[PDB]
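Undergrad: coordinates for the following, if possible.
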Amino acid sequence: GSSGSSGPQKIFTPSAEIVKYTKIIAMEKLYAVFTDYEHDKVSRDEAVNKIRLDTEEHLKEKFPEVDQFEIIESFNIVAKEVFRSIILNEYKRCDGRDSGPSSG
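TA: Numbering: from 1, shown residues only. This is the structure:
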């Protein structure tokens, strides 16, 4: 057993069970907020962060046994995950031509 962060020693990851459910909610929203709030710069600032507070109340509720630190730290990993996927449809080049239906 060990504890305390120091050196090249990596940190432990949160609960996967949640992280997964965090995407179904974080994703949808994150995408619903990204697609919109273009004109306004701050309008999107709150839309994104807001989730961090929303999901936290939507997850910690589903997992009453899980720790609060598992509902937050988990999201972080989820967020970054989405963004990347969003960058594939904006600020990119030669993403990958398509022959058939893209959105079906």
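Undergrad: what separation is there between the residue positioned nearest the centre of the chain and residue 33?
TA: By C-alpha atoms, centre = their mean, the mean C-alpha position of the chain lies nearest to residue 79, the distance being 2.0 Å. Distance from residue 79 to residue 33, counting by C-beta to C-beta, to the nearest Å: 11 Å. No exception for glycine: its C-beta is placed from N, CA and C like everyone else's.
Undergrad: pull the contacting residues for the residue nearest to the centre of the chain.
TA: By C-beta atoms under 8 Å, 6 or more residues apart in numbering, the residues touching residue 79 are 26, 30, 52.
Undergrad: quick one: which of the residues you listed has the most company?
TA: Of the contacts of residue 79, residue 26 is surrounded by the most neighbours, 24 neighbours in total, counting by other C-beta atoms under 10 Å.
Undergrad: doesn't residue 50 make contact with it?
TA: No - counting by C-beta atoms under 8 Å, residue 26 sits too far from residue 50 to count as a contact (11.3 Å).
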